[PDB]
Structure formats: C-alpha cells, structure tokens
Amino acid sequence: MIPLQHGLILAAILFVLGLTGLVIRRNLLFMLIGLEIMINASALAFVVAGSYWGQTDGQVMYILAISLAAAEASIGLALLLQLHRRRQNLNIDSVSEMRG
Amino acid sequence: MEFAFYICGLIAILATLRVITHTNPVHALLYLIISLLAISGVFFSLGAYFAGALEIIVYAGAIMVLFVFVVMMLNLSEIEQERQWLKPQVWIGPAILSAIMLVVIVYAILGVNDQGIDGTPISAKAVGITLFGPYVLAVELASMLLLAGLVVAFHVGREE
Amino acid sequence: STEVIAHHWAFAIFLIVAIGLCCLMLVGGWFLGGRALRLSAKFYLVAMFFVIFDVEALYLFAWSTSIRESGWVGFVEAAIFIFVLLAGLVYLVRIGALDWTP
Amino acid sequence: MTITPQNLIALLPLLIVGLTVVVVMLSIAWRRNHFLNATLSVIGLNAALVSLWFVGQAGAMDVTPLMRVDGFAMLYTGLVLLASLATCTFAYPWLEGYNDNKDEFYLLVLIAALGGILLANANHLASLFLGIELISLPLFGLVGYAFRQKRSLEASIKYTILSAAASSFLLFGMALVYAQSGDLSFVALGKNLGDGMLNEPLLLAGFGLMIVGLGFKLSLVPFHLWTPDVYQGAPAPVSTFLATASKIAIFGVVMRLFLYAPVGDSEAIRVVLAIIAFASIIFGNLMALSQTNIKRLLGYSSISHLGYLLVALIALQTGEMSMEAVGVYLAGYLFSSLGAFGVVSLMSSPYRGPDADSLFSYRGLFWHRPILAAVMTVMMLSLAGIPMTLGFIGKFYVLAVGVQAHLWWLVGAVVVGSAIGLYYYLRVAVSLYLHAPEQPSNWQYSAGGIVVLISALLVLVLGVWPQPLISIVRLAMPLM
Amino acid sequence: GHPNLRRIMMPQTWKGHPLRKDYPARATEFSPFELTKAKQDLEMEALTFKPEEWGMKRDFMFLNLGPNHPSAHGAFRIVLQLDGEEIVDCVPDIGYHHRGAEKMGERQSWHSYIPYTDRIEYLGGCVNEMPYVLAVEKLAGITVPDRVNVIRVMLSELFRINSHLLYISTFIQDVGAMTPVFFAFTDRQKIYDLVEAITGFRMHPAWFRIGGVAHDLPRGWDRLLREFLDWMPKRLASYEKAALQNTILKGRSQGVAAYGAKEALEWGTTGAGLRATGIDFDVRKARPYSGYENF
Amino acid sequence: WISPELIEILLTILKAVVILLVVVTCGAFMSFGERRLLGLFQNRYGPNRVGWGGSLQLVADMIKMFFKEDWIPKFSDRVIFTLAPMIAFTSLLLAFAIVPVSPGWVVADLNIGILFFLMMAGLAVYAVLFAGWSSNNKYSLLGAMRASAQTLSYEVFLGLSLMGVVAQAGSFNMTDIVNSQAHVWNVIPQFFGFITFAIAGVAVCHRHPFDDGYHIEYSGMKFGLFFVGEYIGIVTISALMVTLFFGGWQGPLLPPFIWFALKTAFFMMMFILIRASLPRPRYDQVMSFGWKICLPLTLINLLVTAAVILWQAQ
Ligand SMILES: CCCCCCCCCCCCCCCCCC(=O)OC[C@H](COP(=O)(O)OCCN)OC(=O)CCCCCCCCCCCCCCCCC
Ligand SMILES: CCCCCCCCCCCCCCCCCC(=O)OC[C@H](COP(=O)(O)OCCN)OC(=O)CCCCCCCCCCCCCCCCC
Ligand SMILES: CCCCCCCCCCCCCCCCCCCC
Ligand SMILES: CCCCCCCCCCCCCCCCCCCC
Ligand SMILES: CCCCCCCCCCCCCCCCCCCC
C-alpha cells in the first residue's frame, strides 16, 4: 500500500537534482557529489522496483550499484587530488585545452 | 510505514536540494549524509532492510567518509568569492532542462500498472542466497571491479 | 501484531529520549553558568582502501547469514572471492601501499 | 541455478583471464618486472583465445541466469581478446619510456578484457551493467595512466565524469525497465506486454535512458562530444583499446539486447535509433573534415563507423543477415583501427616524458618509415570503404542490409558520409606520401610492427577474398 | 664565521649582555607594556615566521612543538621542518628557563651560593652541590676528612637513584605505560624519607658545606637506609618485567635516535649516552673525586 | 482507556526507557569507576572524599561542567562544533539499543542487529572527524585525520570479526546469536573472531593503547558529552561482546540479568586493566597490525568457520 509510482517519482526527483548539481557547478568536488547523488538515486529506483515485485534482484542490483559507486568515487577523488596537486584549483572550466 | 516513507523522501529531497545549492563543501557533505540516512529510511520503509543497512554502512559510512577525508585534505579558495551558480544566467537553463526531463520521466511513470509495494521485509539471508546462486559471476566480477578501482585509485592518488 | 508495534514504539521512544537527553544536556550547558597545511596522501589511500574492502566486506556479510542454504558450491565461490581479496591485500602490502612509514 | 563442470568449461576465457589477473597481481607483489608481467598477461590472453576452441566444442547454452554462451559470444570474445593482445603489444614499447610503475597497465588491460568477455557472454541486465563498468573503470585508469601529462589527466577527468554520468543514466534505465517488466533477463523485457501494447511508456523511458548510456559508450550523437578529446589525450595503446575493444563489446551486448528483447521490435525505438544513426554518420564525417590531428580524426571516424553499425542494427528484426553484417563489419573495423592506432602507437613510442608534446606529424612518413606508411595508408583506404579492403566488404554488408530493410534515409546517409570520409582519409594518405621538412631497436617494437603488418595483410586479403571471414561469421550464430 | 650568531638565552629583542660586569644583576621593574608587546610578538610569530633567521633552509611543513610542554623535563619550543612525517630540520628554542645562576654566582658569597647550586638541575640536589663545594675547597686549600667523603658519596648516590627512578618513570610514561611512575614515586618517597631525616629537606637540601656538611648524621639513619635497600631491588625487578621487557616498549625505543662514539665525542655527549656508545668514561673512575676510589 | 494492549505498549516503552537510563548512568558511574579502578591498579585510592566512597564525585563533576562558561570558538563552524559530541554520544547509545540484556528485556529485536552496530560505528568516525575539523586548528585537524585513519583501519575488519559468530548463528539477530550459544559460548569456537573483535572494539572506541589532540578546543558540557559518549561506547562494546562471544544472559545458576551484568562488569574491568597495563604502540605499527594481521585473520576465520559448518551439515 505504498505505490511504486511514488517511489519511482522520488528516485527520478533525486536523479534530476543530482544531474542539475553536476551541470551547474564548476567545482569538480560538487560534480563528484552530484554523480554520487545520481547513482544513489538509480540504486534507490532499483530498490523500489525490487520491493514492488517482491524480489531480491533489486537489492542485488543495489549492491552492484554501490560497488560501482564506491569505486568511481575512489577514482574520481584520486583524479581530483591530482588536479588540485598540479593546478591548485578545482575549476573544471580551466581544464578545457583540447577542443575542436 | 507510509508516513515514514513520505517523510524520509521529503527529507532526502530537501537535503539534496540544499546539497546542490550550498557553498561550504563540508556543509554540502553533511546534508548529503542526511539525505543518505533519509534514503536508508526509505529503504527500511519498503522492506529492503539489507539495502538500508548497506546505505548507512557503506554509502553513508565509507564513501562519504572518503569525501569528507578528501575535503579536509584540500582545506577548502575562490569558491565562495564567486558564487556563480546562484546567478540566474548560469542555473535557469539547466534547471529548465532538468525540469523538462523530470516531467517526461514522471509522465512515463504515471502510465504504469501499480499494485502497491506491500513492504514485506526481505532479509539479508535471501539476498545472500540469490547472491551466491543465480548471481555467482556478479559477485566474482564485482570483486574484480573493486580490484580495478583499487589499482586505478592507487596509481593516480599517490604523491611520489 | 501488538508485540511488534510495542517494540516499534519502544525503539522510537528510545531514539527520541536519547536525542532529547543529549539536546537538553547541551542546552543546559549553554544556558547555565555565567560568562566572562598540506597533508600526505596516505590518508586518502587508507580511506580508499577502507571503502573498497568495506564493499568486499558487505559481500561477505551477505554470504555469512546464508552459508548453510548455499551449500559447498557457495563455499567454493566465497573462497574464490576471499582469495581474490587476499591477493589484492598482499599486492597492496608488497608495493608499500599499506606501509605508512617510508 | 547450480554450476556444472560443463558450465565451467563454457566459462573458460572468463576463468583464464581472471586467473591471469590474480597471477599478474601476485607477480607484481613478488617483484616489479615489466617483461615478466607483460609476458604473463599476453600468455593468459592467448590461453583464453585458444580455450575458445574448447568453448566451441562444449556447445552453446545458458551458463547462469546471467550468461549465455553461443557462437556470437565466441566471436565477440575473440575480437575483444585480439584487441587486448594488440593493446599489450603496442603498450610495451610505449611503457618502456615510462618512468613510473609500468606493471599496473597490463592488470588494467586484463580487467578491461574481462569486462569485454562479460559483455560478449551477457544475457542479463545485471551482466550488461557489470560488463560496462568492468570495461569503463580500467579505462579510467588507462586513459590517465600518464597523469603527470596535462592532456592525459584532462582526458581521464572527462572520461571518468561523463562515464559515471552515463552509468547512472543506464542504471536508472534498467531500474525503470525492471519496474515495468519484473525480470532483468533480456528475453523477458516486454514479454508481459501483449495485444500491440509493446510501446509501454515506462519501458520506453527505461530503454531511452539505457540508449543514452550505451550511446555514450558507442560514441553516438549527441553523446559523442567526449570522443575526440578522450581519444587524443589518452596514451596511444589506450586509444587503440578504447577504439576497438570497448566499442566492439558494447555493440555486441547492444546487439544481443535488441535481438533477444521483444521490445527491440518497437517502432519508436527503431525511429530513435535511425535518427541517432543518421546524425552520427553525418556528424562524425563532417567534424573530421578539417582535423589536423590524427587522434581526433580517428575519434570522429569511430563515431561514423558506429553509425554504420547502428544502421546495420536497426534492420535486426527485418533481415536475418544483420548479425552477419555486424560481425563482418566489426572484424574489418577492428583490423583497420588496430593498424591505424598501432601506427600511431609505434610512432609515439617510447613515451618521451610528460612535459613533451606527443604530436604525430604524419607528413612525409614514407621517407623514413616506409612499411608503417604503407600499413597506415592501407588502413586509411580500408576505413574509407574503398574496394580491395575489408572495410569495403563491411560497408557493402551495411548497404545490403539497409537496402533489404528499405532504410533509404540511412542508405543516403551512408553514401554522403562515405564521400566525406573519402575526402579526409585520402587527405591523410597523400599527406603520408608527401615530403617532410624535418622529424625501436628491440624485438617488442618489431612485434608491434608485425602486428600492424598482419593487420594490413588481413585487410587486403579479406578485401579481395572475404569468403573465409563470411564463413567464420556465419559459424557465429546465437540462440534462437 | 659562525653560521647563525643569534641570542640563545635572552630574547632577540634584548639590549646588553647580562654576564658583563657593568650589567645590573637585579630584576628590572615589571611593565605591562613589555608583557603585552611580547604577547603580540608571540601571536604574530606564526604569521610572520621566516626560516632564515632560525638557521634553516628551503610540501615542507613548519610546526612548533612548544613552548609549553605537558611533561616533567620542562617547557621548551622546537621548530620542526617536516616532509610528511619525516623531520628534515629542527632547531630548539631554548633559554625559556634562564634563571641567571652564574650572574648570581657573581652576587652571592661563597657560602650563601650553595642553595643556588642546588637548583641547577633539580633532580640532583647534593649531586649538584658536590662539584661546587669541591671547587671552593680547592680554592680554600681544604682537604676534607674521610667521613665527609663517605657522607657526600652517600647523599650523591641516593640522589642519583632518585633521579634515575624519575628518568625511568618519565621514559616509561612517554612510551605509554602509566603505572610504574606511581610505583617509582613511592620509591622516591622512601628516598625522600631518608634524605629528609638526614638533611632536613627533600629535593634542594643545601646540606654540603665548604669543608664538610651542615650537620652530623642523625642517630637512626642506618635503619632508614637498610629499609630502602631492602625495598628497592624487588621493585626494580618488577619495573623491568612489567615495562622494560615489554615488546611494545622495545619497538618504541630500540633503534630510535641512535649514534656511535664519533657523534657522541664530537657533540660533547657525556653520561649514559657516551657509555652506551661503548666509551668507558666515567668521572668517578677516570678522575676520582670525594673518595670514590674506596668503593 | 484501560486496555491490555496499551498496558503492554507502556510496559515496553518503560523497559526501553529504564535500559536507556541505566546505560547512561552506568557510563557516567564508571567514568568515576575508571578513576577508582585506575587508583586500585596503581596502588592508591582515587576519589573517595566526595560522599560515601566518592560516589558524589560524579555529581560534583556534572554540576561543574554544567556551570562552566559555555564557549564556542569565534572563528569556528558552530553547527559542526555542536554536532560532533552529539554524534559521539548518540551513535554508540543507539548501538547499545539492540543489546539483549535478558529474555524479554530488549529495546529493539531487529533483524539486522550487529549491522545496526556497524552503522553506529560508521557514524562515530564522523563524530571524530567533525570534532577535528570544526575546531579550526591545524594540529587538531592532523590528529583527527590520524585517529580517523586508525579507526577506519580497524572498522575495516570489525564486521568480518563478527561474521564468524553470524555464520555460526545463521542470522543477524542478537537473540538468535545468544540462543545459538545454548551449549558452548562462541568464545571457544570463534576465538580468533573474539580476539579480532576485541582489538577492533578497543581501537574504534579510541581507547588505550589506540590513542595534537582534537578535544582541546572542546570545553564546558561538550567535553562532558564526549567523555560520557566514550564511556557509553565502552559499555556498549562490552555488552555486545558479552552477547556475541560469551552467551549473553545464559548461565547455569544465577538469574540471566545477573549473569549478563557480571560478564559486562568483568569486560569493562578488562578495559580498565588494558588501559593500566599496556604501553602505546607507534601509529604505523598500529595500522600495519590492523591491515596485515587482523583482516587476513578474520577472512581465514570466516573460511574455516564455513568449512566447519558445512562439514557438520548432514
Ligand atoms: C546522394 C546519393 C545517395 C542517394 C540516396 C540513396 C538512395 C535512395 C533510394 C530511394 C528509394 C526510394 C523508394 C521509394 C519506394 C519505397 C516503397 C515502395 O513502394 O517500394 C516498392 C518495392 C517494395 O514493394 P514490393 O512488394 O517488394 O515490390 C517489388 C517491386 N518490384 O521496393 C522494392 O522492391 C525495392 C525498391 C528499390 C528502389 C531503388 C533504390 C535505389 C535506386 C538507386 C539510387 C537512388 C536513385 C538515383 C540517385 C538519385 C539522386 C541522388
Ligand atoms: C570489552 C572488553 C575488552 C577489553 C580489552 C580486551 C582486548 C584488548 C586488546 C588490546 C589490543 C592491543 C593491540 C596492540 C597491537 C600492537 C601491534 C604492534 O605492531 O606491536 C608492536 C610490537 C613490535 O612489532 P615490530 O613490528 O617488531 O616493531 C619493531 C619496530 N621497531 O609487536 C608486538 O609486540 C607483537 C604483539 C602485539 C600485540 C598482540 C596482541 C595483544 C593483545 C592484548 C593482550 C590481551 C590479553 C588477554 C586479554 C583478555 C582475554 C580474555
Ligand atoms: C565557459 C563555457 C561554459 C559552458 C557552459 C555550458 C552550459 C550549457 C547549458 C545548457 C542549457 C540548456 C537549456 C535548455 C535548452 C532548451 C531545451 C533543450 C533543447 C530542446
Ligand atoms: C586499394 C587497396 C590498397 C592497395 C595498396 C595501397 C598502397 C600501399 C602502399 C604501397 C607502396 C607505396 C609506395 C609509394 C611510393 C611513392 C613515390 C613517390 C615519388 C614522388
Ligand atoms: C552494564 C549493564 C547495562 C544494563 C542495561 C539494561 C538494564 C536492564 C535491567 C533489567 C532488570 C530486570 C531483568 C529481568 C529480571 C531478572 C533479574 C532480576 C534481578 C535483577
């Protein structure tokens, strides 16, 4: 008696909020934060879908989603550390040299 | 169980909205931790007990710990002195685009058959049964994915 | 059931009273009483290792509660998982990733 | 379900590449030896390639509720393994000039090849997602392997951010698809729909988000803007792997998804894929008109060739020879891209420091590197679809498949894009054979030269005599 | 040719040279202005730190350990140059505990300066009184009798045991074990009972005189000495087996700040460090004094 | 309004409130008890002049910390500064919220249990980090990153040390865990799990010998919240290892709550003796011991436990 539509709507709201944070912020740290928000929203959507059908598949896909999320957070934060080490700023618009 | 789900969803939405509009990185990470706790409450309201447990243990206990560690490393610096994302000429366009995509996805959601989520609690025993049953290779190649992330992050995140 | 809703109310009251106790303690502390550098990347490395091995730990958490229902083939699968985990740990130790000292 | 010993026999390349990952891991843990670790990696990849024969003698059936092993999976596993072996061969002389740790490169290549094998054998949304991540994250490491270099770090940041965004889009798409259908297997996507109600709104939305993620992964317009930057900034063997193996594996799993899912026959998805293929062909050819750099030109080339592949994929439900066309085209594209990116890698090896430019300067290459120039112009003629080359055979297959399914807009797109490709590819060839103002000695460099030479010989021989390739592709027939 | 000829006892903003004969020895009138100025200097010291006036050179962090230190050896400041955890360079800021004892030597009589000699190092007491009174007896032409030598050796060895118990306890507490300092302070209380009985004071007895000691030994001191001699060895064995044989303590201690005989000789290092470098040079044996040859 | 369902609701609520008050009072009373027992170990008395036996020393300390001038640093983040002792208290309090002290006396009979304890540890690390960052001091920040790196190095195998007990019980529930020890307590089969969980529990509580301090800017009643939070963490870890490795409330003769209280008291006294006895290892030695010895020990223990269980399965 909790609708699947409401859970999917909540996950979609969090996904588009994470996408908005990923786009509008020039800071690479806030871009990684937005990426974490989007992948957590997708994992929440999988949990909602699995709970609607009464299957463990949603939680299995949640586990795979957070394994991916942890690994990409590690890789992105290492890249952010290298960028801050060799540029002393996190402005992602500064790294735009290759073009055309 | 309905009330807990809706209040946790509302808290997660408000906390994410405060995350993507804040200036202080530690404050943004704190509202992100609050949003992760709220989404874990959503998971617990839907009977996904293992998913909410992992949401606090791993997502809100390891990943955002790593984010907080890196933010303390940076000692965050030409960020609050700009505030460019709150000027409308930067954020109106992407907000319009995200609103359009949200409208399209919500319209697609509203045209589905719904029998309602009964919220029957799915334990971690069943998740472990199906994890080492139908999804053996998922576990093994996810170990390899974590290994790949470990090797990549060690190779990049050094100092020499 | 009545027992499960009693336990739910007990847990809710526990959480609320604990939050109220610490908040009232801080409020009473505030109210009463008159008035008058660049870190080394080993921190990121150890936190990253904790994150990765905590995800591997979550996989083992899921395995451990259903060992009997998985049988011996589940033991073989988890042994392969643990062997890959230990190979990664040996790899990390041997290249000095886990050596805080230089 | 349970796993039989026959299932383990059918999973032989997966187990062999994973055991190679573990063995190379423990060998690096023992002692950092570049030659020994590279040798162990190529030995494991060759062992998987020759265990494909035992997989063929095993049969074609369902190893997991997640994997299905058939001749399609064998062919795509072979292409991925060949691309990974060529990546290691080009990578050794480039890594010989690398001053930091070299051994992690082959570990990342092995894990990416494991993800490619996963995508080749994938029969499940979970397997598709895990294979995409298992490909992408070693590519995150490899694209920014020379992270001290500014362009490589920039390409790594761009690829990591955009691929995490595409993974989130794809994951949300599978979440909506699972919410609709209730099963994550490929055969059960839209199976519960009936009476002409195949165009379910939530199922179409989930498939659209998955199309967004996969079209990022396949460099399709308008998720294509990352491709020339990431191709240019990455190391040249990494660009070889990213152009060949990732594209091949992701297109193979997309082919499986659209072949097995009953919603793959939807008219709306077909029209959306037609628009994406048209825009991809035209845009990828148009952006490469004025490209001086060879890496960006090859990135736009990858966009156009994936558009031709998408054109072949649209006619999957109409003609039964669409899988034949995709296999022949992918073999030809693999060999041509291997030759071109191997010429780039051999002229970019050894790595001459992070603070120096990695410009190619292909002008006047024949007067000091004649065999490399001959191979490179053979590859440029092959990518143009000019006869006597295997790329022409693939483009002929694409045109035949488009004609059989009456995709006339796509046929005109292929013709126009082929003309534009003729312009810039012949420009590269004559620039090779012009004169230059100004401007090895080990057996691994010679091995890379041998690899690009056999690639050129295969392109020419199978351009004038394609029937063995046709027969081996017809042997790679999946489950019905 | 000195590298950094800067002041080491007085602050850098000090006028005059205190050990000169025309320098006034007594304390100047206190002023809150100078205290406020020096507080402001201490506040802006971290803001305007220049690592060139301190004798240093050149990701290199700079840190200050002191000036206040939560330990029993005093309060002094160390400026540390750090590469991560590694120490690249370090200079000590000393002179924070400068009492002007030599200038007081120029201001007291020969007899009334003995209490000042007590407070040179305050764990030693009569050990600190001994070289001063022996030098004054050299100036006076005094050959003290044998009982004087034996009494002074007694008190010097008692205070040596007191100081060594303090040192071992402080080292163990710095490693991290917290109980042996309590037990060895009980042992120090036993020593202080004997010293209080003999001299009348605990840690600054000022009991040595030019030509002897202030009083005779009180009747009954041998009972207290026998009690302490029966008390000590079991407690010392307990300290060894409880903390000094602990492998964690050995890991924290062994191989830490090692040097050979050449470094000990070139730096003037004497005492336990010089003898730990293998050089058998003790004053009580090489150049005997106060009848130490009879023990 | 007199109905037996409402009577049972109020009885369970009253039992939970009683458990909460008893565990908080126990944490404070053995702050004073640590002072007294350190005096006992160090051949002295400790505080025994404020009331009978010193029992009113805690009340005097409570009043003194209440009426101390409340001081927040001027250039600090006020919300994070207030939030760090908040978490350091409530995290391990809610960790205690799943401990069964008697048959029928449990606040939350959750299906997750030690998973909830792991969540609470993953918030205690936030408490330490927030205390370090909010102080606006670089020495406190460096000390906090070192302490949080240590607690991550031991939190990485806390759960895997508990997984042997979980595997033997076959469930995450704490009552199932204490019912699976009906014949033999889990300390006998899961001995390596016992030593690894004891080491990890001492380390994640930042107790001796696993302790530029990050509490120097904290004063008034916030320092008291930190103190009682650490002591509540000691009580929680002791009760958890009593329930997980030592049967919990199971005993032959004495009543079950008496057995639980005696075992918990022995383990808390073992904490006091551990502080009084061992010296501090170096930081690199501590992390190398956590990463190179204890984590493989937990993994091998889990493998051996699974092999033993599947051998016994007919
Ligand atoms: C810029 C260069 C590139 C130019 C664009 C690329 C080529 C575009 C070709 C456009 C073709 C338009 C066809 C329009 C009708 C389609 C629907 C139809 O009615 O088809 C009839 C028929 C299918 O029906 P069926 O029952 O099979 O009848 C058998 C007929 N004997 O159909 C068939 O049986 C097959 C019909 C095939 C028609 C010929 C296709 C190729 C013709 C040569 C190239 C185009 C014309 C020359 C160039 C124009 C200017 C560039
Ligand atoms: C709720 C109640 C809980 C109460 C507490 C109960 C459990 C207490 C757990 C305490 C854990 C302390 C762990 C300390 C680990 C130190 C590891 C280490 O690196 O030690 C350094 C030392 C030398 O190592 P090395 O590498 O040789 O260094 C030389 C370099 N110069 O290496 C060594 O000396 C090697 C040995 C290290 C320590 C091994 C484990 C000792 C555990 C403590 C004693 C437990 C006694 C029994 C307790 C009761 C049991 C019922
Ligand atoms: C210095 C360079 C900065 C580049 C910033 C790029 C920001 C792009 C924002 C795009 C906003 C689009 C708004 C909606 C457009 C209409 C709807 C989509 C097309 C139908
Ligand atoms: C049509 C398929 C491909 C056929 C072969 C294409 C060419 C391959 C290279 C052959 C050797 C080229 C030698 C060119 C010499 C030019 C000398 C110019 C002198 C001014
Ligand atoms: C350190 C111990 C903390 C314990 C917290 C919970 C206390 C609960 C007290 C319950 C008392 C009654 C138990 C059931 C009856 C059996 C025992 C009767 C004699 C006390």
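Quick note on labels: first sequence line is chain A, next is B, and so on, each numbered from 1. All values below were derived from every heavy atom in this structure, side-chain atoms included, with hydrogens, water molecules and symmetry-related copies excluded.
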Proximal component of B/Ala142, with respect to chain A [non-hydrogen, under 4.5 Å]: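 Looking at B/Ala142, just its side chain touches chain A.
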Engaged part of B/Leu36 at the chain A interface, taking heavy atoms whose separation is under 4.5 Å: side chain
Residue, of A/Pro3, A/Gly50, A/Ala70, A/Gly21, that accumulates the most heavy atom pairs under 4.5 Å with chain B: A/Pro3
Contact leader toward chain B among A/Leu81, A/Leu79, A/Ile75, A/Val48, where contacts are heavy-atom pairs under 4.5 Å: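 Max contact count across the listed options: A/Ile75.
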Heavy-atom pair count under 4.5 Å with chain A, highest-scoring of [options]:
options: B/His155, B/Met64, B/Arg158; result: B/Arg158
options: B/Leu74, B/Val58, B/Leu145; result: B/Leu74
options: B/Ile13, B/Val19, B/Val139; result: B/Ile13
options: B/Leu146, B/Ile105, B/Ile122; result: B/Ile122
options: B/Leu29, B/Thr120, B/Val156; result: B/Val156
options: B/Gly157, B/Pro94, B/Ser45, B/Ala62; result: B/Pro94

How long is the straight-line distance from [atom2] of [Y] back to [atom1] of [X], given to the nearest 0.5 Å?
X: B/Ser98; Y: A/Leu22; atom1: OG; atom2: CG; result: 9.5 Å
X: A/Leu4; Y: B/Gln115; atom1: CG; atom2: CD; result: 10.5 Å
X: A/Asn40; Y: B/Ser35; atom1: CG; atom2: OG; result: 7.0 Å
X: A/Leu8; Y: B/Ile117; atom1: CG; atom2: CD1; result: 7.5 Å
X: B/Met73; Y: A/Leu80; atom1: CE; atom2: CG; result: 11.0 Å
X: A/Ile33; Y: B/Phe67; atom1: CD1; atom2: CZ; result: 6.0 Å

Taking all heavy atoms of [X] and all of [Y], pick out the closest pair and write down the distance.
X: A/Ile24; Y: B/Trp85; result: O-CB, 3.7 Å
X: A/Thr56; Y: B/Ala126; result: CG2-CB, 3.7 Å
X: A/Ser51; Y: B/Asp118; result: O-OD1, 4.0 Å
X: A/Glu36; Y: B/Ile63; result: OE1-CG2, 3.6 Å
X: B/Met1; Y: A/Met1; result: CE-CE, 3.7 Å
X: A/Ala71; Y: B/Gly149; result: CB-CA, 4.3 Å

Trace of the side chain to side chain contact (heavy atoms under 4.5 Å, CB included) decision for B/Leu46 with A/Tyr52: CA-CA 9 Å; B/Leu46 297 167; A/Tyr52 171 69; over 6 Å; no
Criterion side chain to side chain contact (heavy atoms under 4.5 Å, CB included) on A/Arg26 and B/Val90, from CA distance to verdict: CA-CA 10 Å; A/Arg26 329 201 320 270; B/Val90 152; over 6 Å; no
State, with a plain yes or no, whether a side-chain heavy atom of [X] is found less than 4.5 Å away from one of [Y].
X: B/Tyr135; Y: A/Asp57; answer: yes
X: A/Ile37; Y: B/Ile20; answer: yes
X: B/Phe50; Y: A/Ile63; answer: yes
X: B/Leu110; Y: A/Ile9; answer: yes
X: A/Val23; Y: B/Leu97; answer: no
X: A/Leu14; Y: B/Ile39; answer: yes

Flag if over 12 foreign heavy atoms under 6.0 Å of CH2, B/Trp91: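 Not more than 12 within 6.0 Å, no.
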A/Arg87: partners by side chain to side chain contact (heavy atoms under 4.5 Å, CB included), with sequence neighbours left out: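 Scan of A/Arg87 (side chain to side chain contact (heavy atoms under 4.5 Å, CB included), adjacent residues dropped) gives A/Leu83, A/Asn89, A/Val95, A/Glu97, D/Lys150, D/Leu153.
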Under the side chain to side chain contact (heavy atoms under 4.5 Å, CB included) test, residues paired with B/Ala51 that sit two or more places apart: A/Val47, A/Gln59, A/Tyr62, B/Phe43, B/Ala48
Region of A/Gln5 in contact with chain B, defined by heavy-atom distances below 4.5 Å: both
Between B/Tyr6 and A/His6, ring centroids under 6.0 Å: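 Yes, close enough.
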Residue pair A/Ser74, B/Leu150: steps toward the side chain to side chain contact (heavy atoms under 4.5 Å, CB included) verdict: CA-CA 8 Å; A/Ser74 304; B/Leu150 188 102; over 6 Å; no
